[PDB]
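Only one chain is shown below, in C-alpha cells, and it's the form solved without its partner chain.
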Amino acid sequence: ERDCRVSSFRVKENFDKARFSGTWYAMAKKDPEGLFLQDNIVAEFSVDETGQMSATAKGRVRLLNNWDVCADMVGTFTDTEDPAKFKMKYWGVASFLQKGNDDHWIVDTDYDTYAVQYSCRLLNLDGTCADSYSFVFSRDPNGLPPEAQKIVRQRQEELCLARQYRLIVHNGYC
C-alpha cells in the first residue's frame, strides 16, 4: 500500500528551464530495458533564445562484450502544461543511429547542487510504470552535499525506485 501510480508522482514545482542549464553529471542510474548508456554519463542542458530547452548526452556502452564505444546524443524537449514535464525527441549523431521519444520529467532539483530526472516508457494496466529510467544528476562529480542526499533518497522512494539505482563510473574514457 503505497501509490506507485505514475499519474500521481510529484514533479518539480515551477521548473526553471534556464536555471537548470549547464553541465550535469549522472552519478546513479535506474535502467530501463534493452540498450542504454552504461557510464561516463554526462548531460549538457541548454535553452536557446525562444525558451526551447534541449540537451546533449554523452556516455559509454558495451555491445556484445566485443566493443566499448562512446555514444553521443542530442535531445529536444517540447513543452506541456506541466513545466516540469516534457516530451523529448532524441537521436544519435556519432556512431549512434537511433531516434526516440521519451517522457522527460524533472522530479526535483535546486539547479546548483543536484537533480532527479525520470522517464516512464510503458504503463501497466493498473497505472504503475512498466519500463522506466531515472538519473541522479550532480553538478559536482565528487558528490552531493548532505542535504541533497536526503532529498534524492526521498524522491527515489517516491518514484517506487528505491534500491534499484546503481552508481555510475566516471573515468575520462570518453
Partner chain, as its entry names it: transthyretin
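Note that the rigid core is defined as the largest set of C-alphas that superpose within 1.5 Å between two forms. Residue numbers count along the first chain shown, from 1.
Omitted from view is the form deposited with its partner chain bound, to which the following refers.
The stretch among 60 to 68, 143 to 151, 44 to 52, 107 to 115 whose residues place heavy atoms within 4.5 Å of its partner chain in the deposited bound form is 60 to 68. Looking at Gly92, you'd find a heavy atom of it within 4.5 angstroms of its partner chain in the deposited bound form.
The closest heavy atom approach of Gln98 to its partner chain in the deposited bound form falls within 4.5 Å. Taking its partner chain as positioned in the deposited bound form, the only residue of 24 to 45 that brings a heavy atom within 4.5 Å of it is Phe36. The rigid-core alignment places the CA of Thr80 less than 2 Å apart between this form and the one not shown. Core-superposed comparison between this form and the one not shown: the CA of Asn101 stays below a 2 Å shift. Relative to what is shown, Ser95 and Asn101 are closer in the deposited bound form; their C-alpha atoms differ in spacing by at least 3 Å.
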